[PDB]
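Worksheet: one structure, shown below.
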Ligand SMILES: [Ca+2]
Ligand SMILES: [Ca+2]
Ligand SMILES: [Ca+2]
Ligand SMILES: [Ca+2]
Ligand SMILES: [Ca+2]
Ligand SMILES: [Ca+2]
Ligand SMILES: [Ca+2]
Ligand SMILES: [Ca+2]
Ligand SMILES: [Cl-]
Ligand SMILES: [Cl-]
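Protein chains in written order, with the deposited numbering: chain B, 591 to 595; chain B', 591 to 595; chain A, -4 to 231; chain A', -4 to 231. A prime marks a further copy of an entry chain.
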């Protein structure tokens, strides 16, 4: 999965 | 801590 | 409210303890109680709220994905019939996840967003609104799915508009909003080119402003920039 | 019972799904429901029960230790008074932990132990009884603390007596029982020499019986033997 914050 | 199972 | 009898300051203190103990459900319940006191949240308090629910929903999302994968495999040709249990349990986890998202959205709507006038607070909460609608969109399959996606988009877009007008391109909230909205484009809106364009433009505009920053601010902004780069690398 | 309307087989299936999803609270609730159906548990089912509650209580114990450490530091000379919140929250976690232990002990007493006649099942459940009384002893400070410790000791001792009579020295249940009883001696009963003697004797008697085992059994027994060795290394 891609990075989120 | 010591090992337990 | 179960936390109605506890002091605001005590709820904040206990949220911090819960964080240290990795008790994120408790952390989230304490922060819900703190929000329900009715006063605005400081920067630190907004961060506690976001961290608590991020960890709770993150665990739910991970579980949902495991169960969804099992369910998908069960519906493949040559798969032996095992009854309704996989679907039932995936549905259980999904319903709990939706409940957490609804709770967060409820806090934002009653009344965090409407009382947030400073750009930093308003953008922070609108980012959260986008994020939790995004999580609802991840599991949506029915007739409101388009409306859920549009709710996420609308919240992110309002946050983006404010951030571009009011915050420098290196601001961490602005950067993190852009990172997440870019993921929304890629994973939810089926718009990978928009996702890539947003990540690239965000990265490049931040790079050009780093010269203005202290060592400490530089560290924070470059860490988030690296996440944009990581996503770009994944997508190209 | 919230699980009263669900089939036994469905509860077992869902416990396995919950395990895969790392949803240990759900796993434990499913297995409680399965036990409450009233039928004996197979080997695999006993293991699901034990794994579920081990993970739930293990998380509680880790949190309790974090909070206890903070509380200890708050009561040191020169520590600024921060109010009742640390104690209150440690107490909250402690009460939840005690509740989980009481639930497990209740399942064992109603009626898993009394219906377990084979040595393997009876020893497995008596080990669990010792373990959950040990967890209660970790947090006990009042007038029943001695009685809690003695309850752990008594359950472990009955399990040891059966295991020595009925099981080979390499049997994994026998080995794991000895490992845990040795930890009880070291950490709870203030008997480090007994702990060391038990671990050493257990290790040595298992070593001498390895020649009787298949490759697969050898692997299982040697893995547990290494845990005995690890504890001995820690203690000597
Ligand atoms: Ca009140
Ligand atoms: Ca007050
Ligand atoms: Ca559903
Ligand atoms: Ca305001
Ligand atoms: Ca029933
Ligand atoms: Ca039935
Ligand atoms: Ca207590
Ligand atoms: Ca029986
Ligand atoms: Cl279910
Ligand atoms: Cl509390």
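Using N, Cα and C, we set each Cβ at its ideal position, and we do this for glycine too.
Contact list for the region 78 to 91 of chain A against chain A', Cβ threshold 9 Å: 78, 79, 80, 81, 83, 84, 85, 87, 88
Pocket of ligand 10 (residues with CB nearer than 6 Å to any heavy atom), chain order: 9/A, 83/A', 84/A', 87/A'
Neighbour flag for residue 171/A' against chain B', beta carbons, 7 Å: As a position in the fourth chain, residue 171/A' is number 176, starting the count at 1. Yes, its Cβ sits closer than 7 Å to a Cβ of chain B'.
Identity of the residue in 131/A', 70/A', 11/A', 44/A' nearest residue 91/A' by Cα: Mapped onto the fourth chain, residue 91/A' falls at position 96. If we check each option's Cα against that of residue 91/A', 131/A' comes out closest.
Sequence-distant residues of its chain with Cβ nearer than 6 Å to residue 150/A' (five each side left out): The count along the fourth chain starts at 1 and reaches residue 150/A' at position 155. Result list for residue 150/A': 121, 124, 125, in chain order.
beta-carbon residue 2/A near ligand 2 non-hydrogen atom, thresh 6 Å: Locating residue 2/A in the third chain gives position 7, where the first residue counts as 1. Yes; taking the cut-off as 6 Å, the Cβ of residue 2/A has a heavy atom of ligand 2 nearer than that.
Chain-ordered chain A' contacts of residue 135/A [CB-CB under 9 Å]: Along the third chain, one-based indexing puts residue 135/A at 140. By Cβ distance, chain A' contributes nothing, its closest Cβ being about 20 Å from residue 135/A, past 9 Å.
Proximal chain A' residues relative to residue 17/A, where beta-carbon distance stays under 9 Å: Counting from 1 along the third chain, the entry for residue 17/A is found at position 22. The answer, in chain order, is 54, 57, 58, 61.
Chain B within 7 Å of residue 175/A, Cβ atoms only: Here the question's residue 175/A lines up with position 180 in the third chain. By this cut-off, residue 175/A is an interface position.
Exposed unless 16 or more other CB atoms sit within 10 angstroms - verdict on residue 28/A: Taking the third chain and counting its residues from 1, the one referred to as residue 28/A is at position 33. Counting Cβ neighbours within 10 Å, residue 28/A comes out buried, since at least 16 surround it.
Beta-carbon proximity check, residue 226/A' vs residue 593/B', cutoff 7 Å: Translated into the one-based positions of the fourth chain, residue 226/A' becomes position 231. Translated into the one-based positions of the second chain, residue 593/B' becomes position 3. For residue 226/A' and residue 593/B', yes; Cβs fall inside 7 Å.
Exposed unless 16 or more other CB atoms sit within 10 angstroms - verdict on residue 164/A': Your numbering for residue 164/A' matches position 169 in the fourth chain. That one is buried.
Alpha helix (DSSP H) segment containing residue 212/A', residue limits: Walking along the fourth chain from the start, residue 212/A' turns up at place 217. Note, residue 212/A': alpha helix (DSSP H), 210 to 230.
Whether residue 134/A' touches residue 16/A by CB criterion (7 Å): For the purposes of this step, residue 134/A' is identified with residue 139 of the fourth chain, where counting begins at 1. For the purposes of this step, residue 16/A is identified with residue 21 of the third chain, where counting begins at 1. Not a contact, by the Cβ cut-off of 7 Å.
Close-in-space but distant-in-sequence residues of the same chain around residue 9/A (CB under 7 Å, 5 per side omitted): Against the third chain, residue 9/A aligns to sequence position 14. Hits under 7 Å: 25.
Alpha-carbon to alpha-carbon, residue 128/A and residue 146/A: On the third chain, position 151 is the one that residue 146/A refers to. On the third chain, position 133 is the one that residue 128/A refers to. Looking at the two C-alpha atoms, the distance is approximately 6 Å.
Straight-line Cα distance separating residue 46/A' from residue 87/A: The sequence position of residue 87/A within the third chain is 92, counting from 1. The sequence position of residue 46/A' within the fourth chain is 51, counting from 1. For residue 87/A and residue 46/A', the distance between alpha carbons rounds to 21 Å.
Residue 124/A in three-state terms, based on DSSP: Along the third chain, one-based indexing puts residue 124/A at 129. DSSP places residue 124/A in helix when its eight states are reduced to three.
Pairwise C-alpha distance: residue 52/A' and residue 148/A': Counting from one through the fourth chain, the residue named residue 148/A' turns up at place 153. Counting from one through the fourth chain, the residue named residue 52/A' turns up at place 57. Approximately 20 Å, taken between the alpha carbons.
Under the three-state DSSP convention, the category residue 202/A' falls into: The count along the fourth chain starts at 1 and reaches residue 202/A' at position 207. Residue state, collapsed to three classes: helix.
Residue 226/A' at chain B' interface by Cβ criterion, 7 Å: Residue 226/A' sits at position 231 when you count from the first residue of the fourth chain. Yes, residue 226/A' counts as interfacial toward chain B'.
Distance CB(residue 194/A')-CB(residue 177/A') smaller than 7 Å: As a working note, residue 194/A' is residue 199 in the fourth chain. As a working note, residue 177/A' is residue 182 in the fourth chain. Yes, the pair counts as a contact, with Cβ atoms nearer than the cut-off.
Any C-beta of chain B' under 7 Å from that of residue 222/A': In the fourth chain, counting from the first residue as 1, residue 222/A' sits at position 227. It does: the Cβ of residue 222/A' has a partner Cβ on chain B' nearer than 7 Å.
Chain A contact residues for residue 9/A', given Cβ-Cβ distances below 7 Å: Numbered from its first residue, the fourth chain carries residue 9/A' at position 14. Result: 80, 84.
Any C-beta of chain B' under 7 Å from that of residue 229/A': Working through the fourth chain from its first residue, we reach residue 229/A' at position 234. By this cut-off, residue 229/A' is an interface position.
With 16 other Cβ atoms within 10 Å as the buried cut-off, status of residue 180/A': Here residue 180/A' refers to the residue found at position 185 when the fourth chain is read from its first residue. Per the 10 Å Cβ criterion, buried.
Residue 40/A: CB within 6 Å of a non-hydrogen atom of ligand 4: Stepping through the third chain from its first residue, residue 40/A is reached at position 45. For ligand 4, not one heavy atom lies less than 6 Å from the Cβ of residue 40/A.
Cβ neighbour criterion (16 or more within 10 Å) applied to residue 96/A: Here residue 96/A refers to the residue found at position 101 of the third chain. Answer is buried; the Cβ neighbour count reaches 16.
Nearest residue (CA-CA) to residue 2/A', options 158/A, 201/A, 167/A, 79/A: As a first step, residue 2/A' must be located in the fourth chain, where it is residue number 7. Looking at the Cα atoms, 79/A is the closest of the given residues.
Same chain, Cβ closer than 8 Å to residue 231/A, five either side skipped, listed in chain order: By 1-based counting over the third chain, the position of residue 231/A is 236. Result list for residue 231/A: 191, in chain order.
Three-state secondary structure (DSSP) of residue 158/A': By 1-based counting over the fourth chain, the position of residue 158/A' is 163. Residue state, collapsed to three classes: helix.
Within chain B', partners of residue 108/A' - CB distance below 9 Å: On the fourth chain, position 113 is the one that residue 108/A' refers to. Within 9 Å Cβ-Cβ: nothing; residue 108/A' doesn't reach chain B', min ~19 Å.
Three-state secondary structure assigned by DSSP to residue 26/A: Counting from one through the third chain, the residue named residue 26/A turns up at place 31. Reduced to three states, the DSSP call for residue 26/A is helix.
Residue 20/A' versus residue 42/A': straight-line alpha-carbon distance, rounded: The residue given as residue 20/A' occupies position 25 in the fourth chain. The residue given as residue 42/A' occupies position 47 in the fourth chain. Looking at the two C-alpha atoms, the distance is approximately 15 Å.
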